[PDB]
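Next up: the same protein chain in two forms, each one alone, written as structure tokens (structure 1, then structure 2).
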Structure 1
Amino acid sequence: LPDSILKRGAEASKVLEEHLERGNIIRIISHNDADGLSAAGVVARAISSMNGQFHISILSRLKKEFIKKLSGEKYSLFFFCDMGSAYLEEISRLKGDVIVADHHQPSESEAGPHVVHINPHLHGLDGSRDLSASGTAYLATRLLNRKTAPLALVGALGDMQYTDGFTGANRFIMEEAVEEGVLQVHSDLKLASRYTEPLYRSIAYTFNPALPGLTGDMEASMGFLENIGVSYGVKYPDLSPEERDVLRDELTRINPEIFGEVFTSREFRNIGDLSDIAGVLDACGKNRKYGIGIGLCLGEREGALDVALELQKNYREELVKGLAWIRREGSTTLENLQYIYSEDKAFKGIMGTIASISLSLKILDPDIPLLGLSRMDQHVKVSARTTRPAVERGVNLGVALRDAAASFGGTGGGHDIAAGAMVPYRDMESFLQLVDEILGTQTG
């Protein structure tokens, strides 16, 4: 790991330690997916472990106008996670100290004298694969509290930064979490919610690593297990030793990445492994139930574990229904991308997730960039997802959605493999065409 990035994290640590000293309340601004919430939890946790105080604002998206409304307000430290690198200039205007812990492409702008900017892109590192907002927040606070390291990896998995291994900075965090004693790693089937779902349901809800034929299909997962002689209504731990062996070898046929590293932390037993945690935060994020999600990151797991578990159930059921909708009505294919459109409010905040999973399952052609579109009154919210070989051939979704969205005065961005945008509904056809041309240019 580059020395410079630990050094920059130390500098954020120091600025954070100072504003706590003077008693005053830290302002935490973050995103609403697993990375954003876990990133916000890394920080809240650090600040709690020194009896400090914080106000959280969670956002779907950061705009120039929120930053101006941040511009009034009298707080002396603003801590941005998973956002803000792209608005460095506007953020620089704030009169008060700022920390930005992000893993998106920075705008080209002079970072303020009161701004400490921690971002893998600034240190030769890769923000798409090797470090997320949660890891960056960890690096910012590691020298105050090492116990948040598992949270950091939850955010990495939220952002799909596990491909048969943590890599880069995330590997570094994993190792440091293991020597702290707060993370354990062992080999096993990487099923969803192994301690709280019966096996057929655990299989149905294993979206990553994906299980073609089984994932999203309760009937098929049930019949599958009967076919191979493995009990379907028992939880995975409760199976016989011989049923475990049969199931490894049979699921490994379907996808070999299903057997691998499982990440546990004693603080999260009774909820599940690290990917399960990330699952829970996404369900919390999608239902606008921040506080329960953030609360889970601090330890507030009383009757509220049970509330999160049941948000998760309904989210996973909307994801199942989501996927069947894609199998039913497939995509609409242009030259260089394909898209999927909805006004069903039920697919409100999951369009991005169901696109990613449809591609891993290869229900939609994984080599053709996919844009999911949710109507929002007079606007349309775009969630673009592709795969690594498409990125290797030149696709960059963050670049293409920013530039296409900006032709309509709109906002877009993200990373190479996944991005967002907001455009007027009236401009959908024209936006999609423009995105189609740019992706053509990027691959030609």
Structure 2
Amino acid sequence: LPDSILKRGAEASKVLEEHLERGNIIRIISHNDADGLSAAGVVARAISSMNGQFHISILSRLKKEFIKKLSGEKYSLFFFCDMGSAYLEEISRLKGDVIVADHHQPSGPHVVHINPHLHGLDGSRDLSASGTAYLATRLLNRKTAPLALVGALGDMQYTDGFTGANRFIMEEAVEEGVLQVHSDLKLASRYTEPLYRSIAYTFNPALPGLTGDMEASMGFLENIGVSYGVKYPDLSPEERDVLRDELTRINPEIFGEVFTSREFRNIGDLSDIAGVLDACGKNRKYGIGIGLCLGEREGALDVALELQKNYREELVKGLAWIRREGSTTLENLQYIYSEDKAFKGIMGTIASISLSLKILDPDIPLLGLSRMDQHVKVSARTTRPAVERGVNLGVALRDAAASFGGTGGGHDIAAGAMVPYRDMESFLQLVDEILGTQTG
């Protein structure tokens, strides 16, 4: 890694200790998905390892109002993870010390700002808030390195292996003995569920035919002769390699790098921890997720795993609705529409999973639509190959949403928009005209 993205790692650590010695309760503010939760986890644990105290706040969004209210608070050091780079001068109205460990496009006399974009690395491909927070805490605690990779996996910075800064973290964790590697099947929750649910709940990497379908996973295993009601390590080795060769035919990306650390044994691999923490964040059950990062494992784990079961039944219900209804295709896009309450807060995820599964055509860009009273919430999702031909959903949605009075934006591969219910057809024709312009 660059000496810049490392020398700033050291200023961050040195400021953390000048408050830890001064006996002060360090203030952690972070985001509410796997990257945000695990990042706070990294800082929390750094702080615990030196008998320090901390107070976490988990937000869906950072607003100037929250930062205004923060300026009333005693707490001498503020630690923003996975957010901060958008509101830096507003933050600088805060006094004390302040650390911002983000990785989003940037926009500080007492402010330490660490962000990969400022040191020539891609904050979308190579480093997440959890890794950035690790680089701020590396000289206090290196035992947190595996959690840095949970957040990375959380934000999907993994396609053909951890790249860049995250690779530097994996190999730093490997040398340090806290993170082991082995190639295996990457089924969801291999220690906690029997083989039929594990397969059915493997959403990434997808298994077309099997993923999100219980009877189909059961009948599959029945016919090929492996114990459908036993958990993955309890089978017979002759029954095991039927599975490796069979699942690799359906999707060969199923076999690959698995990441295990001893502290997460009997929960799962590192990408199982990304799953538990995301499910905790969707349920606004922050505390359970952070307790996992901190090492709590009695009934807090039991509650976390119950949350993931219920989130996963919803996703299945879910893809089932998509397999039956299907999508309508215009010229340069396809869309799917729901007024059903169950699919309102998952429309994005199921949209994405249905492309990976080839239920819906992954080449044609997909807009998922949830009615929200008199408006409609839009989650656009596509595949990298559609981006290479010229698609940018963020630009198309922002422009298209704006023109009817609605707000939209996001990335090239995934974008959102909110539009009035009465303008939906027109909007969909307008996103269709823009995407056709974008590609030919």
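Every residue number counts along structure 1's sequence, beginning with 1. In this text, the rigid core denotes the largest set of C-alpha atoms whose superposition between the two forms falls within 1.5 Å.
Hinge (C-alphas switching from one rigid part to the other between the two structures) among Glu219, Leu125, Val178, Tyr290: Per the C-alpha fit change, the hinge is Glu219.
Going from one form to the other, how many degrees does the smaller rigid part rotate between the two structures? The angle the smaller part turns through between the two structures is 15 degrees.
Enter the rigid core superposed C-alpha shift of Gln433 between the two structures, rounded to one decimal in Å. Value for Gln433 between the two structures: 8.3 Å of C-alpha shift.
Quote the shift of the Cα of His379 between the two structures to one decimal place in Å, the two forms being superposed on the rigid core. The shift comes out to 7.9 Å.
Inter-form CA displacement between the two structures at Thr196 - rigid core frame, Å: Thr196 is displaced by 0.9 Å at its C-alpha.
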